[PDB]
Every structure is written in C-alpha cells, then in structure tokens.
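Take a look at this single chain in structure tokens; it is the form deposited in one PDB entry.
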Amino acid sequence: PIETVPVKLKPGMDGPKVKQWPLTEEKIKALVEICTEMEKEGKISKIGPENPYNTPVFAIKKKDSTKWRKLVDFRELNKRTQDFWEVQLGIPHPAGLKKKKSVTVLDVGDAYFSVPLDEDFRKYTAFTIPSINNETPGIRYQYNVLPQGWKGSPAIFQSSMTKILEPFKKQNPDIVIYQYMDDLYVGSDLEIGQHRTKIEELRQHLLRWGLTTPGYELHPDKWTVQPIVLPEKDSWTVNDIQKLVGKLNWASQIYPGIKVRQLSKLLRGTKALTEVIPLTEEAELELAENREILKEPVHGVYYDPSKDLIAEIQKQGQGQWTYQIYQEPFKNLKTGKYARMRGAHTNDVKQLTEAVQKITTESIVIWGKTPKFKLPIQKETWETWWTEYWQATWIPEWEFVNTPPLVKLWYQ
C-alpha cells in the first residue's frame, strides 16, 4: 500500500522485445526457485503471450558469493526510460568519492522490492524463463514492484533512500555516499577497522528500515594511470627506429609536440632491418624532448557530463590488458593496465570479463556512469561465454572490434 510513481518511455518509443538466450541447467534451476519464492511473495506474477514485451534474464554469483542472484538485462529497457532517470529523478555525483581511501559496495537492491510499481509500466518488465530441451514453453512473468537493475528503480526509491540514510549522514558527517543502481558506494578516509565497522553500522541502520545486504572494497587513491612509454636501448637497429617512429607518429595525434624529423633522418637509406644505427646529437635530443612530452598531461581534456564514455581494451598477451576511457577520440580521460587477473594464462574470455567489470566500476566511482565498451573479441565468442564469468549486478553496453596491432602504442 504505497503511491506508485507513474513512468513513461522516452517520447516516440516502444518497449523492449529481446529474445531469451539459452540457459544452463544450474541457472534454470536457480531461476525457477528464485522466481517461485518471488511469486509467493507477490513481487512478480505470471502473464501470457498477450504481452508483446520481453527482457532476457539469467543468474550469477557475486564474487565469492556461492548464492545465486537473479539478474535481468534491462539495457534495452533502460535505454527507453532514459528521459526519466537522467532528466527528472536522477542523482548528483560526489566528486569526492574517488578521492576516498576506501570504498565499499553494498547490494541494497532488496530495498527496491518494498516499493510497488506503476501498473501501466509492468507490461514492460516482461521476462521469459526457458526450459531445458524445450520440455515446456516459456514461463512468462512481469514485475509488480521495483525491479533490480532497472534504472528507474534507484531513482524512484531515492526519497526513501535519502530518508533512511540521513541519520547516518548526520551521525558521520564526512563519509561520502553514492548510489548507482542496485549498489550503494560508500567511502571514507578512516582506517580499515573504523571503516569496516562504520559499514556494519550502516548495515544495521539499513536493517531497522526493513532491508538485508547479502562487501567489495575498492581504493580509488590506489588507482593509477598507464602512460605511453618509449623504449631504452644502448644500440638501435633500423627496425628499432622504424618501430619507434611509427609509435611516436601515432602518439602525435595525442601529444602534438611529438617530433619525428631527426629520428626519421637516421633511416634515410635502404637498409637492412638488423643493421645497427647509432644516434645523432639532434635525434638523441628529439628523443629526449619526446620522452619529456609523454610525461605531461594531454592539454584540454576534461569530462563532459553530456557525453557518453567509451572504453577500449587491447589484449597485450601474457596476462596483460590495456584500456583507455575517453569521450572524444585522442582526448583520454584515463588509461590503464590490468595484469594477473583471474584466468590469466588460461582463459581470455574470463579475463576480458574481469577487465570490463573493473573498468565499469572505476567509471561509476569516477564519473557515475558506465562506459560503452569496444571489445577485442568476436561477437559469438563473447555471447557464448560472458555470463559464466559475470559477477556484477549491472551490465554495460558493448560492441565488437577487430583492430590488429600494427604498432604497440599502449604497452611496451
């Protein structure tokens, strides 16, 4: 018995119709059970083919969890509620969160089940549960309350949230709190014990308002960049200087100061690649001033909240992965490398998955948005396995690229 906030799709737009993908038997069982108990609690209810709309559903285990979580892929719905959760009820972003020495992420998503949902909307939360070997047709449902992983949910429940939070915001005046979808990001400059404790207090404090919390610890001040670096050699072959000029030439669309003329000079003849070329005065100097420019910031890169984030990843081999988040080409808001993630030296798809989650997470902390990924993988390869490795409650947008490495720009 609460007042349902009305919701409309973006102007001139229709609800999501997206095929359910095949599910493993364990994910089908976990879902059949989750949905059964979610029904007898009135949170969802069966429906029929009359309703034209569908969203894909599946299950995951959070990192270290062992308990199954239901996960809906609302990306297509969220794209069509964009008006609502950007323009009307949306949330401001705490530029200090990223500065805090520790940040914990909590799943507050269960809270959303409390509030009911505008009834004219539920037609759009439609999702089908598949059967193994198509024994049965799809068991269709729809949501009677605020769904997890819908972008309208954390917005609509925002007033309730702010109210439940205000006591602890008053009790701990300087601890920063951010809400991004099903997660609450919470951070402090307190030492580890103090911090963990205060989290526990926020937990109880959440409990007497009627919520559970099935915690991820980040450290945004540990987060570093991955600058472009030129090699160091005592002797240079023709090949070495060719590779070097190629690299510097590409680097020049970023740092415009970069000069190739004195280094180009060295290459003047038609020479064998393995032949050693000693470095001239002015090339040693050009190489120096280049090394120095690559130390700087890029001029005039700043974050524009009106624009989408874009993330690129390159597979560097030997466990290493490099990435860059940017809005306009060559103006990079950040660059990074990951190494020895899970699946290093064994499974690429798992490592890419881990990388996509880490990158997304940093973007949420830093700008409060998810990037759109350009993934170095084939569509089928990713769509076959990504769910197996997915530990997170949101799902960023992606597209697939083929971009061979004619130059090694981002990693020596």
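Only the largest set of C-alpha atoms that superpose within 1.5 Å between the two forms is called the rigid core. The first residue of the sequence shown is number 1, and the count goes up from there.
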{"property": "Size class of the missing deposited segment between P214 and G215", "result": "10 or more"}
{"property": "Higher-B stretch (mean Cα B-factor, as the entry records it), 399-407 or 20-28", "result": "399-407"}
{"property": "Of 148-156 and 131-139, the one with larger mean CA B-factor", "result": "148-156"}
{"property": "Most elevated Cα B-factor in the entry, residues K247, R340, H195, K337", "result": "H195"}
{"property": "Out of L206, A272, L184, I310, highest CA B-factor residue", "result": "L206"}
{"property": "Position of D240 among the chain's modelled residues by C-alpha B-factor, lowest, middle or highest third", "result": "lowest"}
{"property": "Record-listed C-alpha B factor of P256: chain third", "result": "middle"}
{"property": "B-factor third for the C-alpha atom of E50 within its chain", "result": "highest"}
{"property": "Relative C-alpha B-factor of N172, binned into the chain's lowest, middle or highest third", "result": "highest"}
{"property": "Among modelled residues of the same chain, the CA temperature factor third for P297", "result": "highest"}
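Keep in mind that the form deposited in another entry is missing from the display, and what follows is about it.
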{"item": "Position that moves between this form and the one not shown after core superposition, taken from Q88, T197, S159, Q204, with Cα shift of 2 Å or more", "value": "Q88"}
{"item": "Large Cα move at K170 between this form and the one not shown, threshold 2 Å, rigid core", "value": "no"}
{"item": "Rigid-core frame, C-alpha of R268, shift of 2 angstroms or more between this form and the one not shown", "value": "yes"}
{"item": "Post core alignment: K379 C-alpha displaced by 2 Å or more between this form and the one not shown", "value": "no"}
{"item": "Direction of Cα pair change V407-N332 in that other deposited form, magnitude 3 angstroms or more", "value": "closer"}
{"item": "In that other deposited form, shift in Cα separation for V407 relative to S363, 3 Å or more", "value": "closer"}
